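Chemist: TSV, C-alpha atoms, saved as structure.tsv, coming up:
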chain	number	residue	atom	x	y	z
A	1	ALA	CA	40.19	-65.55	-64.19
A	2	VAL	CA	37.70	-65.78	-67.12
A	3	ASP	CA	37.09	-69.22	-65.55
A	4	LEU	CA	38.11	-70.59	-62.11
A	5	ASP	CA	38.55	-73.90	-60.26
A	6	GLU	CA	34.82	-74.54	-59.73
A	7	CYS	CA	35.86	-77.79	-57.97
A	8	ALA	CA	36.78	-75.40	-55.13
A	9	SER	CA	34.71	-72.33	-56.07
A	10	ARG	CA	31.24	-73.88	-55.48
A	11	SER	CA	29.95	-70.42	-54.48
A	12	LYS	CA	29.81	-69.98	-50.68
A	13	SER	CA	29.91	-73.82	-50.36
A	14	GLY	CA	26.47	-73.97	-52.03
A	15	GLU	CA	26.00	-77.75	-51.57
A	16	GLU	CA	22.21	-77.19	-51.35
A	17	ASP	CA	21.64	-80.73	-52.69
A	18	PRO	CA	21.65	-83.91	-50.54
A	19	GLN	CA	24.28	-85.77	-52.62
A	20	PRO	CA	28.07	-86.18	-52.17
A	21	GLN	CA	29.15	-83.42	-54.60
A	22	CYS	CA	32.14	-85.01	-56.40
A	23	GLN	CA	32.42	-88.12	-54.20
A	24	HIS	CA	35.86	-89.16	-55.55
A	25	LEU	CA	37.75	-86.53	-57.61
A	26	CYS	CA	37.25	-83.39	-59.75
A	27	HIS	CA	38.63	-82.13	-63.07
A	28	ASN	CA	38.60	-78.32	-63.63
A	29	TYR	CA	38.24	-76.99	-67.21
A	30	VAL	CA	36.55	-74.38	-69.40
A	31	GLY	CA	32.91	-74.09	-68.37
A	32	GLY	CA	34.07	-74.78	-64.78
A	33	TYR	CA	34.59	-78.36	-63.64
A	34	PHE	CA	33.45	-81.97	-63.78
A	35	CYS	CA	34.34	-85.11	-61.81
A	36	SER	CA	35.48	-88.70	-62.21
A	37	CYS	CA	36.18	-91.69	-59.99
A	38	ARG	CA	38.74	-94.23	-58.83
A	39	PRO	CA	38.69	-97.11	-61.43
A	40	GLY	CA	36.10	-99.87	-60.96
A	41	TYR	CA	33.70	-97.18	-59.69
A	42	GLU	CA	31.60	-95.06	-62.07
A	43	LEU	CA	30.23	-91.52	-61.91
A	44	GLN	CA	26.42	-91.82	-61.80
A	45	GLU	CA	23.94	-89.78	-63.90
A	46	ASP	CA	23.90	-87.10	-61.15
A	47	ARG	CA	27.51	-86.37	-62.21
A	48	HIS	CA	28.74	-86.08	-58.65
A	49	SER	CA	28.21	-89.45	-56.94
A	50	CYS	CA	30.45	-92.45	-57.77
A	51	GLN	CA	29.18	-96.00	-57.23
A	52	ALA	CA	30.74	-99.44	-57.78
A	53	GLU	CA	28.63	-99.76	-60.95
Could you render the structure from this file as structure tokens?

Modeler:
Amino acid sequence: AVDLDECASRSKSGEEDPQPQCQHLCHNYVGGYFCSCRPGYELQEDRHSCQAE
């Protein structure tokens, strides 16, 4: 639509970045999407990888 589920719609799977894009789980919203993690873990500064800190 005006926006889309960028969690899915990452272009033609454009993961041209050696990181686990959205390691745990996404959240779609205006502007596209973001991610989060299973509790205890934390989304790192890269905003895609979750670590246990």

Chemist: Could you check the closest approach to residue A:52 for each of A:3, A:15, A:35, A:23 and tell me which residue wins, using all atoms listed in the file?

Modeler: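 The answer is A:23, which sits nearest to residue A:52.
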
Chemist: Residues at most 7 Å from residue A:41, counting all atoms listed in the file, excluding those fewer than 3 positions away in the same chain, as JSON, numbers by chain?

Modeler: {"A": [37, 38, 50, 51, 52, 53]}

Chemist: Between atom CA of residue A:49 and atom CA of residue A:20, what is the distance in Å, rounded to a tenth?

Modeler: 5.8 Å

Chemist: Just how far from atom CA of residue A:32 is atom CA of residue A:4, in Å to one decimal?

Modeler: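 These two atoms are separated by 6.4 Å.
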
Chemist: What box, with edges along x, y and z, holds each listed atom of stretch 46-49 of chain A when 3 Å is added on every side, and can you state its centre and edge lengths in Å to one decimal, as lines of an AutoDock Vina configuration file?

Modeler:
center_x = 26.3
center_y = -87.8
center_z = -59.6
size_x = 10.8
size_y = 9.4
size_z = 11.3

Chemist: Between A:7, A:30, A:19, A:13, single out the one closest to residue A:44, counting only C-alpha atoms.

Modeler: A:19

Chemist: So how far away is atom CA of residue A:46 from atom CA of residue A:29, in Å?

Modeler: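 Separation between atom CA of residue A:29 and atom CA of residue A:46: 18.6 Å.
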
Chemist: Tell me which of A:12, A:45, A:1, A:17 sits closest to residue A:31, counting only C-alpha atoms.

Modeler: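 When distances to residue A:31 are compared using only C-alpha atoms, the smallest one comes from A:1.
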